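Laid out below as structure tokens are two forms of one and the same protein chain, each shown alone and named structure 1 and structure 2.
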Structure 1
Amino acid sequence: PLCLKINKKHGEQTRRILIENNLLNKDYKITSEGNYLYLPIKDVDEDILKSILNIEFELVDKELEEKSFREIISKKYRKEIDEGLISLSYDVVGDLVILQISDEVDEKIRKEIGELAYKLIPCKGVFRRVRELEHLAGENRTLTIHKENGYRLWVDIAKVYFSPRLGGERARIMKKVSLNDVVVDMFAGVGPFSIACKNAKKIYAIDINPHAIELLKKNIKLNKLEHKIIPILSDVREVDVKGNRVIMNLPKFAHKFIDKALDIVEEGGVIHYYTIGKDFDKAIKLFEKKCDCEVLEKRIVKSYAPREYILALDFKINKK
């Protein structure tokens, strides 16, 4: 339906970038027509694409052929799916399925979606909406164990923030951490980024939510990383740690913390910054003015609202 048309010579070069930005759509066969490649792509503003593509391109409606619960629901529910109330996107944390439904629906029909989600989906439990949750189908437990990138994480979805669709981010980070690195995880959560950074020789895992620190400790124990990860409960603001790599996993408010992170990091070090926006500019100015910094990599993590993304930038602070 929506394809990126490009001269096939930049075929692979480009194909990779779309992936790195979780843009490529895998539900369609990249077809070739003459000197061109049509890569099915998720919807995106023509503008932001310019910032991650150096070649010329076009966004077009192109017919293409195809290469699970999401189905049956969609068809048999367009009524509510086409007006908030219900979303065709759920998360899976451990063995726990978590739906996105609105209060505006009679439980007797709302619970039914769960009872019929505990069916077309491999789980032990089912809830819907860190906010408050409602038990719909399966077991009534909120504490589970997540598996991702080889490690395991203890998560109690009802007491601490955690995003399974962000594992890709931990994978990428996993490949960047050197043996000599000292990481300061400003917003650690149950500790997904801290464990993904094992190669580092020291890790400062900070988080103001006590439950995030209770489970984080259990995770540090579970992945055998006691002499590596130093857990710290507190407002990151009032912490005095130093390090050459700073991870800011708080997209919604990252910006209101940049000054602290710059005060923690060393010169020559990188700030893994996650934010929100339609472009990258506002997030770059912000740093570009605060420091003598340098972008080392910039990706689009995922979609937030409409054309509202969760960007990720990698900043090298060359001089405070």
Structure 2
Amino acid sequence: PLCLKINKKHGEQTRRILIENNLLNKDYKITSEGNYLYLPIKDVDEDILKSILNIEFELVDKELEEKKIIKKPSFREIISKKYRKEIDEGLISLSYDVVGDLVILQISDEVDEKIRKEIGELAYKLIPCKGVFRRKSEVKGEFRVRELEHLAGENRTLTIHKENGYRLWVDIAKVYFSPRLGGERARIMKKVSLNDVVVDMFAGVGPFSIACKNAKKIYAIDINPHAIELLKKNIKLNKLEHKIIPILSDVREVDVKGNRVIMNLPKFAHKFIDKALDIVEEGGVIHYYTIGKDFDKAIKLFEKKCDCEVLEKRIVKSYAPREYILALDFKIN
């Protein structure tokens, strides 16, 4: 539409200025005819333009040059405006998880299924994925899985996830995985000492183990057959066939010792402090996870257990208003 014909010699320098005074119309693209450039501009006058532009220019009334070029908004952008109220009532969430090429939203079932489908639709439209789900139930069961409800894109739950350089087969509907724990996996990764024997008591599809590939031997344990199938595919996928030993079993009845022991089962980890201390060697170290309103009982209930030494204590994430997931590493003597 309202263009500003200028010589290309001053294109960039002109665009810059026009952008600072916020005049460059952002709906159309800068076309070009010869030694000139047409720069879509918002309605202003010749003199105020002459003031901010140290050069010659015509306000040619060129043709639209096409039609508006919309800036694809962000899922968050649109969803924020359209539903601030229930986002504020806790029915729709702006945060979401993405595992491989699958996204998992959070929408309360109090919200209508038609809306949930439309929102799952925006997500598919506006977010780089192949499929969209939402959390159907909470994390429950001994396998620690959750119900999902497909909403858009492919109805698939198998995908490959990347974090810290490695890749992982994950079926978000048959096992427990949190893309959110990648940083946690990263710390511990810079601790494995190539001659360490690691015990992953609740290995899942194996992300913690794989993050400990430096060590000598790794023992990935898990009672969930579905988890073990994947764990195995990931060992091969990561060419770690001879460092990680998958073990379909209840950790309780497994005889292994190790200097590095991981207990990622924050809900019922306390029910296993014993079996760990067992597996862990004299000088060994046990990475323990749990929940609580604070670190108290976490350390209090480990004291009356052994010659421990709180190597490092931190907060992973709020579990609910107040309750937190904590990670303590213990030095055994």
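Please note that residue numbering is based on structure 1, beginning with 1 at the start of its sequence. Between two forms, the rigid core is defined as the largest C-alpha subset superposing within 1.5 Å.
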Of the two forms shown alone, the one deposited without the RNA: 1
Sole residue of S74, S234, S178, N140 shifting 2 angstroms or more in CA between structures 1 and 2, core aligned: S74
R15: Cα shift of 2 Å or greater between structures 1 and 2 (core-aligned): yes
CA of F287, rigid core aligned, shift of 2 Å or more between structures 1 and 2: no
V155 C-alpha moves between structures 1 and 2 by 2 Å or more, core aligned: no
After superposing on the core, C-alpha shift for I113 between structures 1 and 2 in angstrom: 1.2
Per-residue Cα shift, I258, between structures 1 and 2 [Å; core superposed]: 0.5
Once the two forms are fitted on their core, CA shift of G84 between structures 1 and 2 in Å: 4.0
